[PDB]
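In what follows, one protein chain appears twice in different forms, each by itself as structure tokens: structure 1 and structure 2.
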Structure 1
């Protein structure tokens, strides 16, 4: 898994920037789906436009060959796309119908990255926006609606990237045990949220280096959820100390201990303007009039005017008979009833499927 360290650093860079934009909103995004879409876009770019994209995905081009970058993304798409992981992801390229497209690019999009490319009359902005939104709604079975709200008048190329995940816990909660509990949005304020609870044997530990409880729970399929519960006043310290090697140590641990876990039910979405967010990471040329997109079309100028990512997560008790031996001893009460951070990891590749922060489940 040669590109896994780069995906992890891209996940942290992308998280740390969003955490700086707003500190009072829930965060949820797919680092893998965003990186895949732009690694695929780089196939149609050249020169500085190409180099900026891969460097913005935390790939040092003086160290890793491009053949290994695309090989890693292709292998990751194979495992994700049989699986019990109820993961639906899609990437849509919408190009002006007047453009003469390069066949090599359209082939690479479908054959290698299993994505979709469409022609659209951007001379009718309202109809172009309706066709883009009907594509995402059909691909999500109605979960994501009216994704694109506006299009620039000179739009000739738009990119949408969507992903929805509803996992099935390997060791599930009991619906009868879910009850309304306090969630401490700050140190003196609470709100009532639906809270799942179960007594079991967990991959859980209090990490001194992170000043947080670290809980790992396995989904059906090859994906593991990692939840970080920071100690009092240690949320920012937790966000600063997260490194990929720290995640690797957690995933390798096989020790289990008893705990009374309280975990909120979550229905969370995240919608992000990738032109703005990735521009803060150094990806600017492909969104500008100077973009080298000669691998997509050769004669006419081309720039990516619109790029949107939306991610939807649902966490529930079951999602659709392991028996754990519980010792005769007081189990610690681990309650995710205050702001926490999480990261979902694909088991085979160790790649960060999702990352987010919950500041208020019902916000």
Structure 2
């Protein structure tokens, strides 16, 4: 129940980078997933490759003790994996080591205790097969939603860090399929597409906050989770994206203020795929990707460095609820 404000600010920081990268593409990612893969990796990281990472996740190293950050993730993950019987929510962490590779014992015991991480051994010499293992781990974990996480695995790969998050919830107030008509969606000034629009006339936790120049809708799921939607006013999207902070979200989440309204929410099936190296570099995480990296906390056998940082996420929204999955793939190789 904390370190949360840092995760929230991390979500917005990364979002602004992905948005700057492209303003004409859908965006879907999971902060918790990206954040824990990197947090877990900082465990076997030293000096400044270490600080860049943790500060890159929006942590003030002089205000919160390093041990407490990891205790925060440990508790965060434990809570996420104990949801109300009505909500489905799971996460998993996995270390994929190559045969031999003598790992520092402290690193292994830390990822095990602080991140509840699993650990496997594999021969990266047989690329197609090792790639097969990692991908099945993620596939089984995300219940089939993500099946092709790793498309390319390096032959000299010494170790891989992988995690996944799976979510499935039912709306507290479902929509009626028979009410789903097809309506217009204005992508922009020149393009308009037709999509299945869900409709419901009723009581909603909705309101028009002039601080964000947009309507804000909150839709609870059965259990411990909520979906928040922000509809910016004409020409105000950029304003909304820059005015979002953790404090603001916190405010909406405390009041159940309801009211009558006619709502039109489209069904969705979007996917996000990313190579986070440059976007993360823009957030101050660059050393762990270069020869100036220090992963001597992971192993002493060889001088390792991060080769890839891949993220994938999929979303599905219909009249029953939402279904989502995200995954992270971190590959390390010798300098």
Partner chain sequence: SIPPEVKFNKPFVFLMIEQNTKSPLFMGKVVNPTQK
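Rigid core: the largest C-alpha set superposing within 1.5 Å between the two forms. Positions refer to the first chain, counted from 1.
- Working note: structure 1 is the copy from the form solved without its partner chain; the remaining copy is not.
- Looking at CA displacements between structure 1 and structure 2 with the core superposed, a shift of 2 Å or more is confined, among 96, 203, 211, 224, to 96.
- Comparing the forms between structure 1 and structure 2, the C-alpha position of residue 110 differs by 2 angstroms or more, with the core used for superposition.
- Shown in the overlay between structure 1 and structure 2, fitted on the rigid core, is a CA shift at residue 283 smaller than 2 Å.
- Comparing the forms between structure 1 and structure 2 on their rigid core, the Cα displacement of residue 121 reaches 2 Å or more.
- The shift recorded for the CA atom of residue 311 between structure 1 and structure 2 is 0.7 Å, with superposition on the rigid core.
- The two forms, fitted on their core, place the C-alpha of residue 148 3.5 Å apart, compared between structure 1 and structure 2.
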